[PDB]
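If you read the sequences in order, they're chains A and B.
Counting along the first sequence from 1, when you hit position 257 you're at 1663 in the working numbering, and nothing is skipped either side.
Counting along the second sequence from 1, when you hit position 140 you're at 1546 in the working numbering, and nothing is skipped either side.
Note that CB positions come from ideal geometry on N, CA and C, so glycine has one too.
Number of protein chains: 2
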Amino acid sequence: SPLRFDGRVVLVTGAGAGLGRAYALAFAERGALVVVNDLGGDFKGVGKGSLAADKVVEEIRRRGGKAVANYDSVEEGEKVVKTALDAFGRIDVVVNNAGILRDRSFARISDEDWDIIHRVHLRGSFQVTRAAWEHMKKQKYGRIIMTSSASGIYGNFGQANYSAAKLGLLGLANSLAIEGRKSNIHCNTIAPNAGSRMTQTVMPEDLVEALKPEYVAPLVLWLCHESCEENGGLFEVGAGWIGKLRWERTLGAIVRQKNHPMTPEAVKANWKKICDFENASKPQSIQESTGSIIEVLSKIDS
Amino acid sequence: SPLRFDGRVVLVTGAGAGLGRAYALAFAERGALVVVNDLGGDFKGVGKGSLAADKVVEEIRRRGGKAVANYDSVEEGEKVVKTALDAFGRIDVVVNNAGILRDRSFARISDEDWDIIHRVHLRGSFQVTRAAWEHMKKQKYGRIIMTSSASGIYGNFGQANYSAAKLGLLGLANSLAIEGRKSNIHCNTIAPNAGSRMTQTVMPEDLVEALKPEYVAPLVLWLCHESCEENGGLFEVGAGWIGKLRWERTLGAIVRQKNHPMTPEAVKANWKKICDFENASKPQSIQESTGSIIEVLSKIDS
Ligand SMILES: NC(=O)c1ccc[n+]([C@@H]2O[C@H](COP(=O)([O-])OP(=O)(O)OC[C@H]3O[C@@H](n4cnc5c(N)ncnc54)[C@H](O)[C@@H]3O)[C@@H](O)[C@H]2O)c1
Ligand SMILES: NC(=O)c1ccc[n+]([C@@H]2O[C@H](COP(=O)([O-])OP(=O)(O)OC[C@H]3O[C@@H](n4cnc5c(N)ncnc54)[C@H](O)[C@@H]3O)[C@@H](O)[C@H]2O)c1
């Protein structure tokens, strides 16, 4: 049976171009009432305009879908979610996608370069999501997506500001998944790969064209569907492929011995064992890691 | 041979109490010229005083080490680093440890709760580290620690603000590791467990006493030593135990077929495969993930 969104209010931030545009179209085609948010500025965080969101709303309506435009920056997240409440009377799905770039080597990152990346990516997603949250709890339904990146997950030369903001988003998502669960609110995180104005600088023209944002949209739609049970997952996605990430944790070493001072010399001596991933565990929660560490105290005293 | 720090200028932020105090004392005992930074306020980010830093400087001096105090907030990271430059003429090791808590359910996190946590933890470590960076590069020597948390790595109810900031720090560490490497500048991240004023609220009294910050200091000193080769690692640590964390990534599923639109139905139908961690890879860099995703384009065309 086809996965539909009839009667679901779906907000996509940064929906004027690239991935967000692809999301907004794909949702509206499946019957979603779509809020198309876009500030309408450039990819470095300069400017503002109605045109970017208005062009997408028009496209959606031409294709026989339902959509309204929002022109506020995600920094004003309350105002963004207000459009959903005014136009459609509810908010069911939030796709946090809005983003910009300020690439620079570390010493060269200005205060402004840091703050603008963090206000848009991380604080922006927070603002938007907090605005939707109590509505989702009262309804007992929500589906939220955070947009991280490979540069956050792995690190990347010249992108310390951006990678900090992007992995911060994952940190946010880890906690939302926990707080939303009992209320049927899910939060999941994606690390997408797509040709766009943002990636034009780093990719050859033929790659930009080939790595289509419509290769990411099907994942977003699934993770945002009522029938989806995935919660608190992190996904890498592009080209038509999808994979999932998780932490693994070494068995490690108990370096401290009863009645003896723990020294950095014992850490150094035990370094290979500390870093050995053979039979690594797959920790599921804070309780699990925190609990096993605390039980180390009694193991030493035994 | 004992691991010494004679002639190394070591800055510890938030060194007035808890883990930072334990690091400062441990460093100074091994000959380090220590800058003891502390704002001297409470654990929720209220207040300011010279007492916190002064106490620790005098304890170090009483034990026969060398130390000077700095009283600025890490928000003023240039001023904190300037103390090392003024007192000792260089900066060699930076332990970003300063932090506060603003626990609250998600809907209840105010703008001020968010901004203060992010200013201190994330923007603070950035300001401090950015101030040291060019000095480290010209010297061709640096050792940096970021302090994350299990709540950032796993998520935790009522800590969405903090967990965002704490995993943002890891994101920052991932990129610094890459940028610093060729200059003998290492950055590593720890997720510690220690009894302190911060953890008194969630742990019983006997546990606070048992989970000593002195069990974490030996890892920090090793990771900050000149003979340490570890760079870009993430470690969980407490009770006398240490472990290391890494990402694993499913082989995943190519769900797009040549000449057929990619659908959310095909994502759904392949969900088990996408989520299956059997023979999961262990991705080491952005190149590795990005490269293999791009390669999927030609695989579909073939
Ligand atoms: N494209 C990739 O390969 C890639 C990789 C990793 C992460 N990302 C992330 O995915 C998201 C989508 O990016 P894209 O590649 O489609 O870039 P894009 O520039 O094509 O589109 C981003 C959209 O966000 C909008 N935006 C920027 N600031 C805004 C603000 N304050 N308020 C509202 N809208 C704002 C832009 O106007 C634009 O419409 C971004 O968060 C980006 O950082 C993309
Ligand atoms: N104790 C744990 O189990 C645990 C777990 C995870 C993370 N952490 C992190 O470890 C670090 C230290 O934790 P702790 O348990 O020792 O806490 P603590 O409160 O005992 O010590 C924190 C110190 O940081 C200082 N500080 C706060 N804001 C500052 C600022 N703006 N500038 C300079 N100093 C400032 C405080 O004055 C205090 O002395 C924090 O980043 C904390 O978030 C601790």
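Compare the beta carbon distance of residue i and residue j with 7 Å and say whether it is the shorter of the two.
i               : j               : result
residue 1427(A) : residue 1474(A) : no
residue 1674(A) : residue 1647(B) : no
residue 1637(A) : residue 1661(A) : no
residue 1576(B) : residue 1573(A) : yes
residue 1651(A) : residue 1653(B) : yes
residue 1565(B) : residue 1557(B) : yes
residue 1486(B) : residue 1630(B) : no
residue 1604(B) : residue 1507(B) : yes
residue 1525(A) : residue 1481(A) : yes
residue 1425(B) : residue 1619(B) : yes
residue 1580(A) : residue 1455(B) : no
residue 1440(B) : residue 1434(B) : yes
residue 1520(B) : residue 1476(B) : no
Can you tell me the Cα-Cα spacing of residue i and residue j, whole angstroms?
i               : j               : result
residue 1657(A) : residue 1591(A) : 33 Å
residue 1659(A) : residue 1504(B) : 27 Å
residue 1598(B) : residue 1470(A) : 54 Å
residue 1684(A) : residue 1693(A) : 23 Å
residue 1402(A) : residue 1578(A) : Outside the shown range of chain A, which is 1407 to 1708, sits residue 1402(A), and nothing can be said about it.
residue 1606(B) : residue 1623(A) : 45 Å
residue 1417(B) : residue 1484(B) : 12 Å
residue 1430(A) : residue 1639(A) : 22 Å
residue 1701(A) : residue 1664(A) : 14 Å
residue 1528(A) : residue 1449(A) : 16 Å
residue 1600(A) : residue 1625(A) : 13 Å
residue 1409(A) : residue 1667(B) : 15 Å
residue 1585(A) : residue 1510(B) : 11 Å
residue 1707(A) : residue 1595(B) : 28 Å
residue 1414(B) : residue 1549(B) : 11 Å
residue 1514(A) : residue 1705(A) : 48 Å
residue 1451(A) : residue 1460(B) : 43 Å
residue 1411(A) : residue 1551(A) : 16 Å
residue 1669(A) : residue 1546(B) : 27 Å
residue 1542(B) : residue 1569(A) : 21 Å
Starting from residue i, trace the beta strand (DSSP E) both ways and give me its first and last residue.
i               : result
residue 1473(A) : 1472 to 1476
residue 1596(A) : 1591 to 1599
residue 1649(A) : 1647 to 1655
residue 1552(B) : 1548 to 1553
residue 1502(A) : 1499 to 1502
residue 1449(B) : It is not in any beta strand (DSSP E) - residue 1449(B) carries neither H nor E in the DSSP assignment.
residue 1442(A) : 1439 to 1443
residue 1415(B) : 1415 to 1418
Applying a beta-carbon distance threshold of less than 9 Å, which residues of chain A neighbour residue i?
i               : result
residue 1580(B) : 1557, 1558, 1559, 1560, 1561, 1562, 1566, 1569, 1570 and 1573
residue 1652(B) : 1653, 1654, 1655, 1656, 1683 and 1686
Mind pulling the chain B residues with CB within less than 7 Å of residue i?
i               : result
residue 1549(A) : Per Cβ cutoff of 7 Å: no residues; residue 1549(A) is ~13 Å from chain B at best.
residue 1490(A) : Those within 7 Å of residue 1490(A) in chain B number zero; the least Cβ separation is about 17 Å.
residue 1576(A) : 1573
residue 1522(A) : Per Cβ cutoff of 7 Å: no residues; residue 1522(A) is ~12 Å from chain B at best.
Mind listing the chain A neighbours of residue i? Cutoff is C-beta to C-beta under 7 Å, in chain order.
i               : result
residue 1540(B) : 1513
residue 1673(B) : 1624, 1625, 1628 and 1648
residue 1621(B) : 1662 and 1668
residue 1479(B) : Near residue 1479(B) there are no residues of chain A at all, since even the closest Cβ is about 15 Å away, more than 7 Å.
List the endpoints of the continuous alpha helix (DSSP H) containing residue i.
i               : result
residue 1488(A) : 1483 to 1494
residue 1664(B) : Run containing residue 1664(B): none; DSSP gives neither H nor E here.
residue 1632(A) : Taken as a continuous stretch (DSSP letters only), residue 1632(A) belongs to no alpha helix (DSSP H), as it is neither H nor E.
residue 1433(B) : 1424 to 1435
residue 1465(B) : 1457 to 1468
residue 1642(A) : Here residue 1642(A) belongs to no alpha helix (DSSP H); instead the beta strand (DSSP E) covers 1640 to 1644.
residue 1567(B) : 1566 to 1586
For a contact meaning CB atoms closer than 9 Å, what does residue i contact in chain B?
i               : result
residue 1599(A) : 1695, 1696, 1699 and 1700
residue 1465(A) : Here the premise fails: no neighbours, minimum Cβ distance about 17 Å.
residue 1659(A) : 1647, 1648 and 1649
residue 1613(A) : 1700 and 1703
Please list, in chain order, the chain B residues whose beta carbon lies closer than 8 Å to that of residue i.
i               : result
residue 1439(A) : Result: empty, since nearest Cβ-Cβ is about 18 Å, beyond 8 Å.
residue 1408(A) : 1671
residue 1583(A) : 1561
residue 1638(A) : 1561
residue 1422(A) : Neighbours of residue 1422(A) on chain B: none; closest Cβ ~22 Å, over 8 Å.
Whose Cβ in chain A lies nearer than 8 Å to the Cβ of residue i?
i               : result
residue 1689(B) : 1560
Take every Cβ of the stretch 1526 to 1538 of chain A, pair it with every Cβ of the stretch 1485 to 1505 of chain A, and state whether three or more of those distances are shorter than 8 Å.
yes
Given 8 Å, three or more beta-carbon pairs between the stretch 1444 to 1454 of chain B and the stretch 1416 to 1423 of chain B
yes
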